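K.L.:
This is the content of data.cif (mmCIF, C-alpha atoms and all ligand atoms):
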```
data_protein
loop_
_atom_site.label_atom_id
_atom_site.label_comp_id
_atom_site.auth_asym_id
_atom_site.auth_seq_id
_atom_site.Cartn_x
_atom_site.Cartn_y
_atom_site.Cartn_z
CA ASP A 45 0.00 0.00 0.00
CA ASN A 46 2.83 2.28 -1.00
CA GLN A 47 2.28 5.99 -1.63
CA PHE A 48 4.59 5.58 -4.66
CA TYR A 49 4.73 3.74 -7.95
CA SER A 50 7.39 3.27 -10.59
CA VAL A 51 7.43 4.19 -14.26
CA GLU A 52 9.93 3.54 -17.03
CA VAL A 53 11.19 6.77 -18.70
CA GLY A 54 14.06 6.14 -21.11
CA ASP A 55 16.64 3.78 -19.60
CA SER A 56 15.58 5.42 -16.32
CA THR A 57 12.93 4.64 -13.69
CA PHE A 58 10.75 7.31 -12.04
CA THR A 59 9.34 6.31 -8.62
CA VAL A 60 6.81 8.97 -7.68
CA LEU A 61 3.81 9.71 -5.45
CA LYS A 62 0.59 8.32 -6.92
CA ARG A 63 -0.86 11.84 -7.28
CA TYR A 64 1.49 12.41 -10.23
CA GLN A 65 0.22 10.69 -13.38
CA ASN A 66 0.89 10.22 -17.07
CA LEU A 67 4.59 11.10 -16.91
CA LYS A 68 6.23 12.19 -20.14
CA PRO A 69 9.97 12.93 -20.72
CA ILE A 70 10.57 16.55 -21.74
CA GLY A 71 14.20 17.13 -20.91
CA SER A 72 17.41 15.74 -19.47
CA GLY A 73 20.82 16.92 -18.38
CA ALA A 74 23.91 16.16 -16.35
CA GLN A 75 22.06 16.99 -13.09
CA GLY A 76 18.79 15.19 -13.78
CA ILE A 77 15.82 14.13 -15.91
CA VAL A 78 12.67 16.19 -16.28
CA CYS A 79 9.12 14.93 -16.93
CA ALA A 80 5.73 16.54 -17.52
CA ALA A 81 2.82 15.13 -15.51
CA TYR A 82 -0.68 15.69 -14.20
CA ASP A 83 -0.98 16.27 -10.47
CA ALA A 84 -4.41 14.80 -9.57
CA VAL A 85 -4.44 16.52 -6.19
CA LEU A 86 -3.94 20.03 -7.53
CA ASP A 87 -5.75 19.21 -10.77
CA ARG A 88 -2.86 21.00 -12.47
CA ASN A 89 0.05 20.02 -14.75
CA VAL A 90 3.50 20.00 -13.24
CA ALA A 91 7.13 19.27 -14.09
CA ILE A 92 9.06 16.73 -12.03
CA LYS A 93 12.82 16.50 -11.95
CA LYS A 94 14.76 13.52 -10.61
CA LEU A 95 18.18 14.01 -9.01
CA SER A 96 19.82 10.60 -9.06
CA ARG A 97 22.25 10.16 -6.17
CA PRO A 98 23.08 13.93 -6.11
CA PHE A 99 25.64 13.27 -3.41
CA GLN A 100 27.73 11.16 -5.83
CA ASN A 101 30.41 13.90 -6.16
CA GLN A 102 31.10 17.44 -4.84
CA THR A 103 29.95 19.08 -8.04
CA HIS A 104 26.43 17.59 -8.01
CA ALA A 105 26.21 17.78 -4.21
CA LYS A 106 27.07 21.42 -3.72
CA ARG A 107 24.59 22.47 -6.40
CA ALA A 108 21.69 20.30 -5.21
CA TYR A 109 22.12 21.44 -1.60
CA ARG A 110 22.55 25.12 -2.47
CA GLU A 111 19.51 25.11 -4.68
CA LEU A 112 17.45 23.21 -2.08
CA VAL A 113 18.40 25.81 0.48
CA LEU A 114 18.09 28.82 -1.86
CA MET A 115 14.63 27.94 -3.01
CA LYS A 116 13.61 28.79 0.55
CA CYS A 117 15.41 32.17 0.54
CA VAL A 118 13.35 33.43 -2.40
CA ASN A 119 9.74 34.31 -3.00
CA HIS A 120 9.13 35.80 -6.42
CA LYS A 121 6.98 34.98 -9.41
CA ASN A 122 9.94 35.25 -11.77
CA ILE A 123 12.03 32.77 -9.78
CA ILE A 124 11.44 29.03 -9.50
CA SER A 125 9.33 27.95 -6.51
CA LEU A 126 8.75 24.35 -5.51
CA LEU A 127 5.32 22.74 -5.20
CA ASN A 128 6.79 19.57 -3.71
CA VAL A 129 10.05 17.77 -2.97
CA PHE A 130 10.25 14.18 -1.94
CA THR A 131 12.25 10.99 -1.78
CA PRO A 132 10.81 7.46 -2.22
CA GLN A 133 13.51 6.10 0.14
CA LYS A 134 12.59 5.69 3.80
CA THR A 135 15.91 6.02 5.58
CA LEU A 136 19.22 7.83 5.20
CA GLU A 137 20.95 4.49 4.63
CA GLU A 138 18.56 3.72 1.77
CA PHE A 139 18.57 7.33 0.46
CA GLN A 140 19.35 7.67 -3.25
CA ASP A 141 17.14 10.07 -5.23
CA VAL A 142 15.42 13.41 -4.71
CA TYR A 143 12.33 14.42 -6.76
CA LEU A 144 11.56 18.10 -7.29
CA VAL A 145 8.18 19.38 -8.44
CA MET A 146 7.11 22.71 -9.89
CA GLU A 147 4.50 24.27 -12.14
CA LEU A 148 4.66 23.03 -15.71
CA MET A 149 6.00 25.66 -18.07
CA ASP A 150 5.56 25.59 -21.89
CA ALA A 151 8.98 26.27 -23.31
CA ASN A 152 12.53 27.28 -22.54
CA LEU A 153 14.15 30.52 -23.76
CA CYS A 154 16.18 28.78 -26.46
CA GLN A 155 12.89 28.10 -28.26
CA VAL A 156 11.80 31.72 -27.82
CA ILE A 157 15.12 32.96 -29.23
CA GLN A 158 14.41 30.92 -32.35
CA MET A 159 11.32 32.99 -33.01
CA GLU A 160 10.69 36.48 -34.26
CA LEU A 161 9.25 38.53 -31.39
CA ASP A 162 7.45 41.83 -31.28
CA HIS A 163 8.87 44.55 -28.99
CA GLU A 164 6.08 44.09 -26.49
CA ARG A 165 7.03 40.47 -25.80
CA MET A 166 10.79 40.95 -25.92
CA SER A 167 10.67 43.86 -23.50
CA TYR A 168 8.20 42.04 -21.22
CA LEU A 169 10.49 39.01 -21.12
CA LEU A 170 13.54 41.20 -20.44
CA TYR A 171 11.60 43.07 -17.75
CA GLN A 172 10.92 39.73 -16.00
CA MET A 173 14.50 38.58 -16.15
CA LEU A 174 15.42 41.88 -14.52
CA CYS A 175 12.79 41.63 -11.77
CA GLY A 176 13.95 38.12 -10.95
CA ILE A 177 17.63 39.07 -10.97
CA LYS A 178 16.83 42.08 -8.80
CA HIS A 179 15.05 39.77 -6.37
CA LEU A 180 18.03 37.44 -6.20
CA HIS A 181 20.38 40.36 -5.66
CA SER A 182 18.18 41.56 -2.84
CA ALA A 183 18.60 38.15 -1.20
CA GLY A 184 22.40 38.33 -1.49
CA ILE A 185 22.43 35.98 -4.48
CA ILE A 186 24.50 37.11 -7.49
CA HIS A 187 23.82 34.50 -10.21
CA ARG A 188 26.77 34.86 -12.60
CA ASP A 189 25.62 32.07 -14.85
CA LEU A 190 22.35 33.09 -16.42
CA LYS A 191 21.61 31.23 -19.63
CA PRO A 192 18.63 30.57 -21.87
CA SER A 193 18.45 26.86 -21.26
CA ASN A 194 17.75 27.66 -17.59
CA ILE A 195 14.91 30.10 -18.24
CA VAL A 196 11.35 28.92 -18.98
CA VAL A 197 8.25 30.61 -20.26
CA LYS A 198 4.55 30.06 -20.79
CA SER A 199 2.28 30.94 -23.70
CA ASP A 200 1.03 34.03 -21.83
CA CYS A 201 4.59 35.33 -21.91
CA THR A 202 5.29 34.76 -18.21
CA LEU A 203 8.83 33.83 -17.21
CA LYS A 204 10.78 31.98 -14.52
CA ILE A 205 14.53 31.70 -13.92
CA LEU A 206 15.20 28.11 -12.74
CA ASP A 207 18.58 28.05 -11.00
CA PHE A 208 20.76 30.04 -8.61
CA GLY A 209 24.04 30.19 -10.48
CA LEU A 210 27.61 29.66 -9.35
CA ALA A 211 28.76 29.21 -5.75
CA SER A 217 35.54 21.53 -10.08
CA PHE A 218 35.84 18.12 -11.81
CA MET A 219 33.16 15.82 -13.26
CA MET A 220 33.12 13.01 -15.84
CA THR A 221 29.80 13.93 -17.48
CA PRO A 222 29.48 13.20 -21.22
CA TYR A 223 28.65 16.89 -21.76
CA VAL A 224 30.35 20.21 -20.96
CA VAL A 225 28.98 23.49 -19.60
CA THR A 226 27.70 26.46 -21.66
CA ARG A 227 29.78 29.56 -20.91
CA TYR A 228 28.76 31.90 -23.79
CA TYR A 229 26.79 34.21 -21.40
CA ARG A 230 29.41 34.67 -18.66
CA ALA A 231 30.70 38.21 -18.04
CA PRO A 232 34.30 39.36 -18.67
CA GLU A 233 34.81 39.35 -14.93
CA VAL A 234 33.74 35.71 -14.68
CA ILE A 235 35.76 34.83 -17.82
CA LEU A 236 38.86 36.66 -16.61
CA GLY A 237 38.43 35.75 -12.98
CA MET A 238 38.21 39.17 -11.37
CA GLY A 239 36.14 40.69 -8.57
CA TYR A 240 32.51 41.34 -9.39
CA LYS A 241 29.35 43.10 -8.27
CA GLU A 242 25.58 42.80 -8.85
CA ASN A 243 25.79 43.94 -12.46
CA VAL A 244 27.85 40.94 -13.49
CA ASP A 245 24.35 39.51 -14.33
CA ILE A 246 23.51 42.47 -16.62
CA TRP A 247 26.12 41.20 -19.10
CA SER A 248 24.28 37.91 -19.31
CA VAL A 249 20.94 39.68 -19.88
CA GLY A 250 22.53 41.53 -22.82
CA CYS A 251 23.94 38.34 -24.39
CA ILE A 252 20.40 36.97 -24.28
CA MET A 253 18.75 40.11 -25.63
CA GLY A 254 21.33 40.34 -28.40
CA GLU A 255 20.74 36.71 -29.30
CA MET A 256 16.96 37.28 -29.43
CA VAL A 257 17.68 39.90 -32.04
CA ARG A 258 20.56 38.46 -34.05
CA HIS A 259 19.24 34.90 -33.58
CA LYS A 260 22.75 33.64 -32.99
CA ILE A 261 25.03 33.22 -30.00
CA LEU A 262 26.97 36.50 -29.77
CA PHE A 263 30.19 35.12 -28.27
CA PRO A 264 30.62 31.40 -29.13
CA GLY A 265 33.83 29.49 -28.72
CA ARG A 266 35.36 26.18 -27.68
CA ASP A 267 36.67 27.80 -24.53
CA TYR A 268 37.33 31.06 -22.74
CA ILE A 269 40.19 31.79 -25.22
CA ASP A 270 37.92 31.74 -28.26
CA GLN A 271 35.11 33.47 -26.35
CA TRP A 272 37.27 36.41 -25.31
CA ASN A 273 38.36 36.79 -28.96
CA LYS A 274 34.71 37.02 -29.99
CA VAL A 275 34.09 39.64 -27.30
CA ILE A 276 36.89 42.05 -28.31
CA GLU A 277 36.43 41.59 -32.07
CA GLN A 278 32.90 43.01 -31.73
CA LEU A 279 33.07 45.36 -28.78
CA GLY A 280 36.76 46.19 -29.06
CA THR A 281 39.67 46.08 -26.64
CA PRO A 282 38.78 47.20 -23.09
CA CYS A 283 39.98 50.60 -21.78
CA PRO A 284 43.47 50.77 -20.16
CA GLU A 285 41.95 51.23 -16.67
CA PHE A 286 39.95 47.97 -16.99
CA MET A 287 43.30 46.17 -17.24
CA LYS A 288 44.48 47.44 -13.82
CA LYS A 289 41.64 45.40 -12.40
CA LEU A 290 43.26 42.23 -13.83
CA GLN A 291 45.61 39.68 -12.17
CA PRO A 292 49.16 40.42 -13.43
CA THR A 293 49.18 37.12 -15.34
CA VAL A 294 45.77 37.44 -17.02
CA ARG A 295 46.40 41.13 -17.52
CA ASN A 296 49.60 40.20 -19.39
CA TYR A 297 47.56 37.88 -21.64
CA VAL A 298 44.78 40.39 -22.42
CA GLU A 299 47.14 43.36 -22.62
CA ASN A 300 49.23 41.38 -25.10
CA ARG A 301 46.25 40.37 -27.19
CA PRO A 302 45.69 42.11 -30.63
CA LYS A 303 44.04 45.53 -30.16
CA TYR A 304 40.57 45.76 -31.81
CA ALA A 305 38.67 48.98 -32.52
CA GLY A 306 35.35 47.30 -32.04
CA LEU A 307 32.15 47.90 -33.98
CA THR A 308 29.34 50.36 -33.35
CA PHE A 309 26.04 49.01 -32.18
CA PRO A 310 24.19 49.98 -35.41
CA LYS A 311 26.61 47.71 -37.24
CA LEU A 312 26.42 45.00 -34.58
CA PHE A 313 22.62 45.06 -34.66
CA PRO A 314 21.46 46.51 -38.05
CA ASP A 315 17.94 47.89 -38.55
CA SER A 316 17.11 44.89 -40.74
CA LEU A 317 16.90 42.86 -37.54
CA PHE A 318 14.29 45.18 -36.12
CA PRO A 319 10.71 45.60 -37.43
CA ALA A 320 10.69 49.04 -39.13
CA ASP A 321 7.16 48.99 -40.53
CA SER A 322 5.82 51.74 -38.26
CA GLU A 323 7.00 54.75 -36.28
CA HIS A 324 6.33 52.87 -33.04
CA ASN A 325 8.54 49.99 -34.10
CA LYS A 326 11.14 52.43 -35.37
CA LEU A 327 11.31 54.18 -32.00
CA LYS A 328 11.37 50.89 -30.05
CA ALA A 329 14.20 49.56 -32.22
CA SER A 330 16.27 52.61 -31.38
CA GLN A 331 15.55 52.16 -27.68
CA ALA A 332 16.45 48.48 -27.82
CA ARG A 333 19.78 49.13 -29.45
CA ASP A 334 20.38 51.77 -26.81
CA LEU A 335 19.83 49.24 -24.01
CA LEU A 336 22.06 46.66 -25.72
CA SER A 337 24.91 49.20 -25.93
CA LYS A 338 24.53 49.83 -22.20
CA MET A 339 24.43 46.18 -21.24
CA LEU A 340 27.13 44.78 -23.49
CA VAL A 341 29.85 46.84 -21.85
CA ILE A 342 33.02 44.97 -21.00
CA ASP A 343 34.04 47.13 -18.09
CA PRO A 344 31.64 46.54 -15.19
CA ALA A 345 32.43 50.04 -13.87
CA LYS A 346 30.66 51.51 -16.93
CA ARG A 347 27.91 48.87 -17.49
CA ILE A 348 24.37 49.75 -16.52
CA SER A 349 23.03 48.36 -13.22
CA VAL A 350 19.87 46.33 -12.67
CA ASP A 351 17.87 49.26 -11.28
CA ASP A 352 18.86 51.60 -14.11
CA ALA A 353 18.02 48.94 -16.71
CA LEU A 354 14.55 48.63 -15.15
CA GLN A 355 14.32 52.38 -15.64
CA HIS A 356 15.36 52.38 -19.27
CA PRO A 357 12.51 53.52 -21.59
CA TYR A 358 12.51 50.15 -23.42
CA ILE A 359 11.81 48.38 -20.15
CA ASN A 360 10.09 50.99 -18.00
CA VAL A 361 6.68 50.62 -19.63
CA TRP A 362 6.14 47.50 -17.49
CA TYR A 363 7.54 48.85 -14.20
CA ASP A 364 5.46 47.96 -11.11
CA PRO A 365 6.61 48.57 -7.47
CA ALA A 366 4.78 45.43 -6.38
CA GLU A 367 7.01 43.37 -8.72
CA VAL A 368 10.32 45.30 -8.32
CA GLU A 369 10.45 45.15 -4.48
CA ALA A 370 9.50 42.23 -2.15
CA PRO A 371 12.48 40.47 -0.41
CA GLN A 379 21.85 30.30 6.99
CA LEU A 380 25.47 30.85 5.89
CA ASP A 381 27.02 27.83 4.12
CA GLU A 382 30.35 27.52 2.32
CA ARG A 383 32.99 24.74 2.71
CA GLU A 384 33.15 21.28 1.18
CA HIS A 385 32.35 17.82 2.52
CA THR A 386 32.74 14.13 1.77
CA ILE A 387 30.14 12.04 -0.08
CA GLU A 388 28.79 10.76 3.21
CA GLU A 389 28.57 14.21 4.73
CA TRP A 390 26.77 15.54 1.63
CA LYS A 391 24.32 12.65 1.55
CA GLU A 392 23.21 13.47 5.08
CA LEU A 393 23.16 17.20 4.43
CA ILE A 394 20.80 16.78 1.48
CA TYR A 395 18.62 14.15 3.15
CA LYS A 396 18.02 16.46 6.12
CA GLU A 397 17.03 19.27 3.79
CA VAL A 398 14.72 16.97 1.80
CA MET A 399 13.07 15.72 5.01
CA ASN A 400 13.07 19.34 6.24
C1 LIG A 501 13.28 21.04 -21.38
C2 LIG A 501 12.84 21.14 -19.92
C3 LIG A 501 13.26 22.44 -19.24
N1 LIG A 501 13.53 22.28 -17.80
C4 LIG A 501 14.78 22.05 -17.31
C5 LIG A 501 15.94 21.94 -17.87
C6 LIG A 501 17.00 23.01 -17.45
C7 LIG A 501 18.39 22.83 -18.17
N2 LIG A 501 18.92 21.44 -18.02
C8 LIG A 501 20.22 21.30 -18.73
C9 LIG A 501 17.96 20.42 -18.48
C10 LIG A 501 16.57 20.52 -17.76
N3 LIG A 501 14.81 21.93 -15.94
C11 LIG A 501 13.46 22.09 -15.38
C12 LIG A 501 13.16 21.97 -13.93
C13 LIG A 501 13.95 22.67 -12.98
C14 LIG A 501 13.64 22.57 -11.58
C15 LIG A 501 12.51 21.80 -11.15
CL1 LIG A 501 12.16 21.74 -9.46
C16 LIG A 501 11.74 21.10 -12.12
CL2 LIG A 501 10.38 20.13 -11.74
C17 LIG A 501 12.06 21.21 -13.47
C18 LIG A 501 12.60 22.30 -16.58
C19 LIG A 501 11.15 22.68 -16.90
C20 LIG A 501 10.33 23.08 -15.82
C21 LIG A 501 8.99 23.38 -16.13
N4 LIG A 501 8.51 23.28 -17.39
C22 LIG A 501 9.37 22.87 -18.33
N5 LIG A 501 8.95 22.72 -19.61
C23 LIG A 501 9.20 23.73 -20.62
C24 LIG A 501 10.13 23.35 -21.67
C25 LIG A 501 8.78 22.71 -21.67
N6 LIG A 501 10.65 22.57 -18.13
#
```
Now that the file is in, can you turn its structure into structure tokens?

P.N.:
Amino acid sequence: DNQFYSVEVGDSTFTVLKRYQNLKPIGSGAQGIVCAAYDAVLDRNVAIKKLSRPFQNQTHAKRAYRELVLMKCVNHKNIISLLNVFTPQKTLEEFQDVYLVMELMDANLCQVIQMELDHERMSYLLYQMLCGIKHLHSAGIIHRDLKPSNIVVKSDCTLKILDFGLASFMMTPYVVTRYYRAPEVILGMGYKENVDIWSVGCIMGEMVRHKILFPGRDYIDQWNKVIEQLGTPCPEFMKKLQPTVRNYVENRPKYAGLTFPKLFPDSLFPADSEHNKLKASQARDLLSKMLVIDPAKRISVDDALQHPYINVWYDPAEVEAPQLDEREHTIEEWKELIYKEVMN
């Protein structure tokens, strides 16, 4: 008379509470498998993610624990919130998997980037990313790794950021996507709240150009794509660099960089009406303020929410609302740390 039941999804097995029915695979990754399902108790559709032995290594462990803890430090409609969390295993000894449940979303941002969007939807999406990021910043959480695959949306244009960002080695078959990381993350320097504004601009630019702005096999290639388009950083920016890195970037070919009208031509923006012509100008303006290599001169979250392109959606109720853990542990220690959290 178990509260759970098991289902075969891929070469994987999902053991979930009986309230969740008609599971259907919708996504996978190096941290877990996601399924769509009907929650008969809430009479609502939901997404369920399985973390298989998240304590298996430090990488998986730190992330799972941080996110389990963080999800409690945040309360915002543009940030993921759990509906349920559970484990089919009855004791710590037997503990293996953690199931996370949230509201079923319709698509990720990669899909949205593939489409042509009016200014109303693009700015509304951007406005939401900003409200979420602002909320995280208010809770002392600087993300540093925002990316489209981790952002989901619904048909009504509503948006949720799914993870909490950065805090080593793993043997996963697939690498990490770094195309949206700021210069400061890429060059390992100090950083502030607006490190996330660079990521918002890589996304916004991609929604326009429909192509990853700064691709590359690694940080070497990536940095080359950054300077070839925006140009070599100002001399002062360099003084903020470690002598070694600084040597490397200071000794890199000096690029003039392109103007934003060239980087994002009018052809990419809908110029069939005065309204669309004005909005295109305002969008390019925001891009030029967000894609700024030197964090000292890059617009902040609050000022971006005040930019004309974004400001039309401003709402005090949405812009303002509002434990310590650090070190590393052994597998065993992590297993218990996560179990406790799961059992609350
Ligand atoms: C394609 C599915 C998108 N998605 C992802 C992915 C994030 C990036 N990695 C690499 C792969 C999985 N994680 C969750 C997710 C994250 C946290 C929790 Cl607690 C739960 Cl249940 C689900 C959801 C999602 C969530 C809701 N709706 C959807 N579906 C939209 C694409 C259909 N996906």

K.L.:
I'd like the box whose edges run along x, y and z of the file and which contains every listed atom of segment 337-349 of chain A, padded by 3 Å per side; could you state its centre and edge lengths in Å, one decimal, as AutoDock Vina command-line options?

P.N.:
```
--center_x 28.5 --center_y 48.1 --center_z -19.6 --size_x 17.0 --size_y 12.7 --size_z 18.7
```

K.L.:
Quick one: distance from atom CA of residue 350 of chain A to atom CA of residue 316 of chain A in Å, one decimal?

P.N.:
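Taking atom CA of residue 350 of chain A and atom CA of residue 316 of chain A, their separation equals 28.2 Å.
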
K.L.:
Let me make sure I understand: among A:370, A:74, A:394, A:95, which one has the smallest atom-to-atom distance to residue 221 of chain A if we use only C-alpha atoms?

P.N.:
A:74

K.L.:
So which residues are near ligand LIG 501 (chain A), meaning at most 9 Å away with only C-alpha atoms and all ligand atoms counted, given back as a PyMOL selection string?

P.N.:
chain A and resi 69-80+90-94+124-129+143-153+155+192-198+204+206-207

K.L.:
Just give me the residues with any atom within 12 Å of (41.8, 50.5, -24.5), file coordinates, counting all atoms listed in the file, written as a ChimeraX atom specification.

P.N.:
/A:276,279-288,298-306,342-343

K.L.:
Find the distance between atom CA of residue 53 of chain A and atom CA of residue 199 of chain A and write it in Å to one decimal.

P.N.:
26.2 Å

K.L.:
Would you mind reading off the distance between atom CA of residue 365 of chain A and atom CA of residue 171 of chain A, one decimal, in Å?

P.N.:
12.7 Å

K.L.:
Kindly provide the residues of segment 241-267 of chain A that approach segment 323-335 of chain A to within 12 Å, each paired with its closest atom pair and their distance in Å to one decimal, based on only C-alpha atoms, listed by chain and increasing number, as a tab-separated table.

P.N.:
```
residue	atom	partner	partner_atom	distance
A:246	CA	A:335	CA	10.7
A:247	CA	A:335	CA	11.3
A:249	CA	A:335	CA	10.5
A:250	CA	A:335	CA	8.3
A:251	CA	A:335	CA	11.7
A:253	CA	A:332	CA	9.0
A:254	CA	A:333	CA	9.0
A:256	CA	A:332	CA	11.3
A:257	CA	A:332	CA	9.6
A:258	CA	A:333	CA	11.6
```

K.L.:
In the coordinates of the file, take the point (33.1, 30.6, -25.6) and a cut-off of 12 Å; then, counting only C-alpha atoms, name each qualifying protein, DNA or RNA residue as a compact mmCIF listing (two decimals) with C-alpha atoms, in the coordinates of the input.

P.N.:
```txt
# COMPACT_ATOMS: atom_id res chain seq x y z
CA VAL A 224 30.35 20.21 -20.96
CA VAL A 225 28.98 23.49 -19.60
CA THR A 226 27.70 26.46 -21.66
CA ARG A 227 29.78 29.56 -20.91
CA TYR A 228 28.76 31.90 -23.79
CA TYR A 229 26.79 34.21 -21.40
CA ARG A 230 29.41 34.67 -18.66
CA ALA A 231 30.70 38.21 -18.04
CA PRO A 232 34.30 39.36 -18.67
CA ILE A 235 35.76 34.83 -17.82
CA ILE A 261 25.03 33.22 -30.00
CA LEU A 262 26.97 36.50 -29.77
CA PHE A 263 30.19 35.12 -28.27
CA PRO A 264 30.62 31.40 -29.13
CA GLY A 265 33.83 29.49 -28.72
CA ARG A 266 35.36 26.18 -27.68
CA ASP A 267 36.67 27.80 -24.53
CA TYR A 268 37.33 31.06 -22.74
CA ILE A 269 40.19 31.79 -25.22
CA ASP A 270 37.92 31.74 -28.26
CA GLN A 271 35.11 33.47 -26.35
CA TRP A 272 37.27 36.41 -25.31
CA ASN A 273 38.36 36.79 -28.96
CA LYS A 274 34.71 37.02 -29.99
CA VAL A 275 34.09 39.64 -27.30
```

K.L.:
Kindly indicate which residue among A:142, A:61, A:320, A:312 lies nearest to residue 391 of chain A, using all atoms listed in the file for the distances.

P.N.:
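Of A:142, A:61, A:320, A:312, the one nearest residue 391 of chain A, counting all atoms listed in the file, is A:142.
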
K.L.:
Just so I have it separately, write segment 282-302 of chain A from the block I sent, keeping N, CA and C atoms, as a CSV table (one decimal), in the first residue's frame.

P.N.:
```csv
chain,number,residue,atom,x,y,z
A,282,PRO,N,39.2,46.4,-24.3
A,282,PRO,CA,38.8,47.2,-23.1
A,282,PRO,C,39.7,48.4,-22.9
A,283,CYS,N,39.2,49.4,-22.1
A,283,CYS,CA,40.0,50.6,-21.8
A,283,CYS,C,41.2,50.2,-20.9
A,284,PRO,N,42.3,51.0,-21.0
A,284,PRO,CA,43.5,50.8,-20.2
A,284,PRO,C,43.2,50.5,-18.7
A,285,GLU,N,42.3,51.4,-18.1
A,285,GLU,CA,41.9,51.2,-16.7
A,285,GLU,C,41.4,49.8,-16.3
A,286,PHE,N,40.5,49.3,-17.2
A,286,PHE,CA,40.0,48.0,-17.0
A,286,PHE,C,41.1,47.0,-16.7
A,287,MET,N,42.2,47.1,-17.4
A,287,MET,CA,43.3,46.2,-17.2
A,287,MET,C,43.9,46.2,-15.8
A,288,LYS,N,43.9,47.3,-15.2
A,288,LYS,CA,44.5,47.4,-13.8
A,288,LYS,C,43.7,46.6,-12.8
A,289,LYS,N,42.5,46.2,-13.2
A,289,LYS,CA,41.6,45.4,-12.4
A,289,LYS,C,42.0,43.9,-12.6
A,290,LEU,N,42.9,43.6,-13.5
A,290,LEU,CA,43.3,42.2,-13.8
A,290,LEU,C,44.5,41.7,-13.1
A,291,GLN,N,44.5,40.4,-12.8
A,291,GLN,CA,45.6,39.7,-12.2
A,291,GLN,C,46.8,39.9,-13.1
A,292,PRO,N,48.0,40.2,-12.6
A,292,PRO,CA,49.2,40.4,-13.4
A,292,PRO,C,49.4,39.4,-14.6
A,293,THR,N,49.0,38.2,-14.3
A,293,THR,CA,49.2,37.1,-15.3
A,293,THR,C,48.2,37.3,-16.5
A,294,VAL,N,46.9,37.3,-16.1
A,294,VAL,CA,45.8,37.4,-17.0
A,294,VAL,C,46.0,38.7,-17.8
A,295,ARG,N,46.2,39.8,-17.0
A,295,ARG,CA,46.4,41.1,-17.5
A,295,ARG,C,47.4,41.1,-18.6
A,296,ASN,N,48.5,40.4,-18.4
A,296,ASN,CA,49.6,40.2,-19.4
A,296,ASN,C,49.0,39.6,-20.7
A,297,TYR,N,48.2,38.5,-20.5
A,297,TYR,CA,47.6,37.9,-21.6
A,297,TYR,C,46.6,38.8,-22.4
A,298,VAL,N,45.7,39.5,-21.7
A,298,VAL,CA,44.8,40.4,-22.4
A,298,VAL,C,45.4,41.6,-22.9
A,299,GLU,N,46.4,42.1,-22.2
A,299,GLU,CA,47.1,43.4,-22.6
A,299,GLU,C,48.0,43.1,-23.8
A,300,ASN,N,48.4,41.8,-24.0
A,300,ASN,CA,49.2,41.4,-25.1
A,300,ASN,C,48.5,40.7,-26.2
A,301,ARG,N,47.1,40.9,-26.2
A,301,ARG,CA,46.2,40.4,-27.2
A,301,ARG,C,46.1,41.5,-28.3
A,302,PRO,N,45.9,41.1,-29.5
A,302,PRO,CA,45.7,42.1,-30.6
A,302,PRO,C,44.7,43.2,-30.2
```
